[PDB]
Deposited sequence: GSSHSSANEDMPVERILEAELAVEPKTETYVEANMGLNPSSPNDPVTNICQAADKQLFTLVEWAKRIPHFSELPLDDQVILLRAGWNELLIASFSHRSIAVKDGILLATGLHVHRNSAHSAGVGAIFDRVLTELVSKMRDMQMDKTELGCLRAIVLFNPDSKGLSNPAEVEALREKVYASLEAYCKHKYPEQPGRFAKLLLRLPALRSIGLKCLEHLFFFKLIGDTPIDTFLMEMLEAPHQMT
C-alpha cells in the first residue's frame, strides 16, 4: 500500500556570494531530506545499504524538486530553505544564470502553470526516490515495485482530484527527464566548486560529493 495522504505528510512534516548561500541551504536540506525518506511509506523497510544508495542517487534531484516547487510564489527567483531569496539577476551576476534559467523555465514555471499541488510533488519525489536503476541495489525489483505503487497511487489521485484533466498524470511524469537533466548539471557545478575550492561546502554536502 502507498497512500498519498502519508506521502503528503512526509512533505509537510519537512517543509520549513549567492552561490555560498545556495550551498548552505543545500546542506541544511540534506539533513531534513533523510527525515523525509523515513516518512515515505516502506522506505525504512528497505535494507540499510539500499537506503544509502537511493539517497546518494536521488538527493540532488529530490532537493531541486523541492525548492523549485517552493518558488512558485517567487517571480524570477528561487526561495531557499534558509528563507533567503535569490533573484535572477543575483544568480546571473554570480555566473550560474544558465542553470538558474533552466530551473525557472523547465521546473518552477512549469509547476506554476499546471498548479502542481504538494501531493503530486511528493509522489514525483517518491518516484525519484524509488529509482530501480540505481547501481548496487540488493533487490532492484523491490524498489521497482515501490515505484509502481507510487505512480499507481498518483494516477488515482489525479483522476480523483482533477477528473477534468485526463492528461495531467502523464504531464507530471514528463517533468522527470528535465529534472534528471538539471540534476546532472547542478552536480557538475558542485564538483567544479569543490575542485576550484573558492566556495565553502559544509560537511554533509561535502559527504555527498565524495565516493
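- Judged by missing C-alpha atoms, the gaps in the deposited chain sequence fall at residues 1 to 9, 26 to 43, 239 to 243, listed in sequence order.
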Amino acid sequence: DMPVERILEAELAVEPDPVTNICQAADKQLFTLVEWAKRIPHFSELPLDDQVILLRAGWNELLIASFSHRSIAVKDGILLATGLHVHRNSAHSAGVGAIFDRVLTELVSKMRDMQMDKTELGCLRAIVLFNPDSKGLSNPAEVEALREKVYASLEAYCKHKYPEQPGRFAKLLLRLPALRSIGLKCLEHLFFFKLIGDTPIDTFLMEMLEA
From here on, numbers count along this sequence of modelled residues.
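- Compared with the other entries of this protein, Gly197 is consistently built, present in every one of those that build its neighbours rather than absent from a third.
- Note: missing coordinates for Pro18 occur in none of the other compared entries bracketing this position, so the one-third threshold is not reached.
- Legend: mean Cα B-factor per stretch from the PDB entry, 76 to 84 versus 123 to 131; the higher mean is in 76 to 84.
- Here the stretch with the larger average CA B-factor, out of 66 to 74 and 29 to 37, is 29 to 37.
- In the deposited entry, the Cα temperature factor of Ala141 sits in the middle third of values across the chain's modelled residues.
- Looking at the C-alpha B-factors along this chain, the one for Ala57 belongs to the lowest third.
- Compared with the other modelled residues of the chain, the Cα B-factor recorded for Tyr162 ranks in the highest third.
- In the deposited entry, the Cα temperature factor of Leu48 sits in the top third of values across the chain's modelled residues.
- Sort the modelled residues of the chain by CA B factor and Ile196 lands in the highest third.
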